[PDB]
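# Experimental coordinates follow, after the sequence.
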Amino acid sequence: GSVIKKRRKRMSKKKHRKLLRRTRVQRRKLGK
RNA sequence: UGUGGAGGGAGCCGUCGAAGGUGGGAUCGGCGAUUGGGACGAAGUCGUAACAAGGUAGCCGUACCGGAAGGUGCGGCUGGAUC
């Protein structure tokens, strides 16, 4: 088993997560 | 025998009636000032996060935080090394 794969996975996950932290307001108070 | 009679038609009325209109909706596309992140880039800036115990072992899930890689906490795994 390697960890390169899991790391690329992890990075995509993290960037999407931080994007959601930054847009937690706009998503809610836009898409109603 | 007579403008007689059935009877029929014209004509008219009603049912159904396409197209035309009104109506608020569905669905499908396009545009959209601005805003995202995605790929590639020549060559550059910021750092050293990772690979050897990568110099704080990494990694999974989650929460918080941070200029950025990332850091810390709780639990877990070895796909973790020496003795």
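Sure, I can see it. Numbering: from 1, shown residues only, chains lettered A, B, ... in the order given.

# gap between the residue nearest the centre of chain A and residue A:2?
Residue closest to the mean C-alpha point of chain A, counted by CA atoms, centre = their mean, is residue A:16 at 1.7 Å. In this structure, residue A:16 and residue A:2 are separated by 22 Å, where distance is defined by CB to CB, to the nearest Å. Quick note: C-beta positions are derived from backbone N, CA and C, even for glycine.

# rewinding a little: contacting residues around the residue nearest to the centre of chain A?
For residue A:16, no residue counts as a contact, taking CB atoms under 8 Å, 6 or more residues apart in numbering as the criterion.

# For it, what is the enclosing helix or strand?
Taking DSSP states H and E as the definition, one finds residue A:16 inside helix A:4-28.

# Does that helix reach RNA strand B?
Yes. Counting by CB under 7 Å from any atom of the strand, RNA strand B is contacted by helix A:4-28 at A:6, A:7, A:9, A:10, A:11, A:13, A:14, A:15, A:17, A:18, A:19, A:21.

# Any chance of the backbone angles for residue A:3?
With angles defined as degrees, to the nearest 10, residue A:3 shows backbone torsions of phi -130, psi -10.

# If you tally nearby residues, what's the number for it?
For residue A:3, the number of neighbouring residues by other CB atoms under 10 Å comes to 8.

# ok, so what distance separates it from residue A:14?
On the measure of CB to CB, residue A:3 and residue A:14 end up 15 Å apart.

# With residue A:23 instead?
Relative to residue A:14, residue A:23 is positioned 15 Å away (CB to CB).

# before we move on, what about residue A:22?
The gap separating residue A:22 from residue A:14 is 13 Å, by CB to CB.

# Residue A:25 now?
Here residue A:25 is placed at a distance of 20 Å from residue A:14 (CB to CB).

# can you check residue A:4 too?
Distance of residue A:4 to residue A:14, computed by CB to CB: 16 Å.

# of these two, who's got more company?
Taking neighbours as other CB under 10 Å, residue A:4 and residue A:14 compare with residue A:14 leading, 10 against 7.
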